[PDB]
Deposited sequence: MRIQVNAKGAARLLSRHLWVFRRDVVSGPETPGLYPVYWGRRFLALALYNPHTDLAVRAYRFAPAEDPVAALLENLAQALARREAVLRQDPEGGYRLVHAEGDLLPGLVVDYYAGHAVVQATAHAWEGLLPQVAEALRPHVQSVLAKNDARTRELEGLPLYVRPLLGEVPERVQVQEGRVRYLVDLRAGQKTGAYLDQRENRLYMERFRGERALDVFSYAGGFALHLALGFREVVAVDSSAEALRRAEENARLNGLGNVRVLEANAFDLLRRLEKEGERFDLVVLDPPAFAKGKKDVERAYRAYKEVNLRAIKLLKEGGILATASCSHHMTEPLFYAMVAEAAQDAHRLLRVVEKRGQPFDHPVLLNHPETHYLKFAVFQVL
């Protein structure tokens, strides 16, 4: 069998985007799986297919190949290969080994936490290939956990469950990141901010504010260069993990603080508090193109306040991991904030996703992380 798409679908795949939605599919199999995609008689690509979803086609090869399963597994091999260097040198670190579309492996995510891998299949065809995936990873892990409990799978028509795939999967594991260690509960920070947290180690000062600290990943690194670091978050559970990570590192200069970021910030300003550094690691504010509007204003407000709390010469590390918050808008938003706060900011560095979370230029949606460091003059 094979998939047939209209001219629009063909165009998208010609321009090398990996996705073709329902509305552009003319015909195709009645069962999910791996099939060739065709525009009339013209071959376009090999892809993961699902007849019951809006996102029906996810390409992973733009070249025919006998045995589509073999080719998908080749892609897997290459993905792991790109990370061999690091897994050798830093066996105890945390790295993503498979980053879905970015690694030409749609619907599959695989992370590495100091020897223990967590697999996340999100496309129907990955479901019966897990054993193969486990067998592929095995040479580098001591465990493999199929963490297939994401709601996104229902949409595909898949079951939810977390079950070991290979070896003995620990309950929790300690991950080494630069000069600090943190705890990962393999069952329940995120690796895409790994290199940005490490960057924070180049700064020193009196006080550092870490808004939206989560498990305090940024705090941990900052505690090495500042007398005091204040990790803020709305979740007690989060700050709980933050204190625990703090203790695991023998860091007593890290102070948690349950609070609503937007309010607290206005507060530290009114009370006249000021800092040497402020990190802004907000959670996606937009759940769709619709929210962008309001999202933009939310980011501006927080960024504006953050800027107002910084001393002359202070550092601002602000970010966004939302898909709908484009890089251009992100930087426009920071600039607006800086302007309204009547403060001059020098760019210290613009960063994004690290090498293990690949970005494809032709597939915009693979780019979501924006991280920037500024100095307030």
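In sequence order, the deposited residues that have no C-alpha coordinates form a single range, 189-193.
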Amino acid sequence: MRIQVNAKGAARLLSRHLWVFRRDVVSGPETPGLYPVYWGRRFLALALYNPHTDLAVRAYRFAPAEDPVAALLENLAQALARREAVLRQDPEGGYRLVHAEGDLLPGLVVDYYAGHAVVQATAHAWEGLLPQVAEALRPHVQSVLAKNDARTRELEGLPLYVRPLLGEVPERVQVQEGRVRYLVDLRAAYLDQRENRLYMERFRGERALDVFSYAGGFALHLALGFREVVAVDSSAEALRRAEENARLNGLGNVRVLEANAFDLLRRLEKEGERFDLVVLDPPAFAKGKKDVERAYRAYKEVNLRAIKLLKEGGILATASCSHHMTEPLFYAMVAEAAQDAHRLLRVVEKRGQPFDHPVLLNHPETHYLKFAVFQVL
From here on, numbers count along this sequence of modelled residues.
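Averaged over CA atoms, B-factors in the entry run higher in 26-34 than in the other of 339-347 and 26-34. Averaged over Cα atoms, the B-factor as recorded in the entry is higher for 134-142 than for the other of 265-273 and 134-142. Annotation for 308, 324, 58, 61: 324 ranks highest, by Cα B-factor. Annotation for 102, 288, 216, 107: 288 ranks highest, by Cα B-factor. For residue 123, the recorded CA temperature factor ranks within the lowest third of the chain's modelled residues. When the modelled residues of the chain are ordered by C-alpha B-factor, residue 51 sits in the middle third. Sorting the modelled residues of the chain by their CA temperature factor places residue 117 in the highest third. In the deposited entry, the Cα temperature factor of residue 45 sits in the top third of values across the chain's modelled residues. Among the modelled residues of the chain, residue 377 sits in the highest third by CA temperature factor in this PDB entry.
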